[PDB]
């Protein structure tokens, strides 16, 4: 049986597991894959920083890293790239998800291109 992770949420959605090394994605929606130009096999198990590219702001990247450590709700606009190298401004919304014990379980991310 496969865990229905979407039962924890028409949008680009990602779930990551901070208990695993490098905080890898464990679920991505089809909308995410279509927008970024990747297949499921290319994404699952990797950190979502593969969306970052040559002109991505390094301070924006560090802001996200600290926001994760803070375990709080945050949103940020960051330059991301598709597999074909085309760039888009990504409005990234991230929030922590806890287990009934109160321990950090997943991060949930909802993305959408800013236009």
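Positions refer to the first chain, counted from 1.
Unmodelled stretch separating residue 9 from residue 10: 4 to 9 residues (count of deposited-sequence residues without coordinates). Set 11 to 19 against 97 to 105 and average the Cα temperature factors; 97 to 105 ends up higher.
Stretches compared: 21 to 29, 87 to 95. Higher mean C-alpha B-factor in the entry: 21 to 29.
In this structure the maximum Cα B-factor among 73, 46, 82, 65 is found at 65.
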